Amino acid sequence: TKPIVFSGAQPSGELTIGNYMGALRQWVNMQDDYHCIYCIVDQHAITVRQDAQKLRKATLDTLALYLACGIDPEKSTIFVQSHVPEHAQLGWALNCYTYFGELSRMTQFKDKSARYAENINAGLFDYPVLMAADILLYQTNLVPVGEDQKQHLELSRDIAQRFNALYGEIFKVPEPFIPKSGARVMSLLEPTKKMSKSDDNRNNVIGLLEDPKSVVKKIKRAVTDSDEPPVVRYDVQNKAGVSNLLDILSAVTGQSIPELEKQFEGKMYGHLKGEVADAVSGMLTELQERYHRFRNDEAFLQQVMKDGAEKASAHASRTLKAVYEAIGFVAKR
């Protein structure tokens, strides 16, 4: 049987080129090599207050966007998190094997709390435990994520090991799969800040479903540096904006930064931004064309959701039963 890949994305905000390069791109390329399972994590999304109509539409938007990226429901399992109760069941049980301090130290909880001081809720704090349940339910070997999720993956490993050490080989210990390019795409006007799918300043982001012409304008206005002469060279410390642009370009074209640096020898930021906008505009145009054929076919989205929840449930129920037997619950009839 193939090793198992699991990963998820929130139906909140609007997925960006950052979400694509750090995660979805890898999701698509691993579908034959591994047994892949991809999740729309609507239970995680509501740790930030959502409008109910927005959340429903965004869940379906996200599903269609997975399909548009090339996630293939005949190859991978695609499902909505709340459709599989085992996620919440194992999440509760794993609370009891997770320490308070492991959660309080989390960068995401601290960043999100500062952004939403009016809604610092227990779900936001408990977020990593539910994520660990997401992963461990499927005997997951590889978890393809961006860099910002490293700390959460590491906790899920610590939980798997702690539980296994008491109870036996109940969980696989997952490993992160973080790309060499595009693991942390940066904001266009603030290249020291991760690109956000919920930025108040849209000029910082390249949304997957955004008008390509709007994206191309945003690329040209991306901040660079004062170097004289202007030089296309990778240096995150001193040339954050140029470096981020090179990263996006490498991640879309598959070309190395060394290659790109040589290609831009004797050129300046106009050539750099012209190729970035060309490559990204082409990607988004093709993506969006596939997207609408999937997004407006409710019967197909309904079918994918149904089959996917059924496949996931068969795996998740097996793991949960072993977990419940190990901790000592009377098994359900």
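Rigid core (definition): largest C-alpha set, two forms, superposition within 1.5 Å. Residue indices: 1-based, along the sequence shown.
Q: Overlaying the structures in 8 other deposited structures of this protein on the rigid core, point out which of 62-70 and 268-276 has the bigger RMS C-alpha shift.
A: Stretch with the larger root mean square C-alpha distance in 8 other deposited structures of this protein: 268-276.
Q: Using the rigid core for superposition, please say which stretch has the greater CA deviation in 8 other deposited structures of this protein, 98-106 or 205-213.
A: Between the two stretches, 205-213 moves farther in 8 other deposited structures of this protein.
Q: Comparing average C-alpha B factors as deposited, tell me which of 296-304 and 261-269 sits higher.
A: Taking the mean B-factor of the alpha carbons in each, 261-269 is higher.
Q: Which is higher on mean Cα B factor in this entry, 249-257 or 165-173?
A: Stretch with the greater average CA B-factor: 249-257.
Q: Looking at the C-alpha B-factor values in the deposited entry, which of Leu90, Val242, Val145, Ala117 comes out highest?
A: That would be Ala117.
Q: Specify which of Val41, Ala68, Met283, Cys36 carries the largest Cα B factor in the deposited PDB entry.
A: Among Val41, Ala68, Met283, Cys36, the highest C-alpha B-factor in the entry belongs to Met283.
Q: Taking the chain's C-alpha temperature factors as the reference, tell me which third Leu209 falls into: lowest, middle or highest.
A: Highest third.
Q: Looking at the C-alpha B-factor of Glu275, is it in the lowest, middle or highest third of its chain?
A: For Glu275, the deposited C-alpha B-factor lands in the middle third.
Q: Would you mind checking where the Cα B-factor of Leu287 ranks among the modelled residues of its chain, as the lowest, middle or highest third?
A: As the PDB entry reports it, the C-alpha B-factor of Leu287 lands in the highest third of its chain.
Q: Could you tell me which third, lowest, middle or highest, the C-alpha B-factor of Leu24 occupies within its chain?
A: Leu24: CA B-factor falls in the middle third of its chain.
Q: What third of its chain's C-alpha B-factors does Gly123 belong to: lowest, middle or highest?
A: Its C-alpha B-factor, which the entry lists for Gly123, ranks in the lowest third among residues of this chain.
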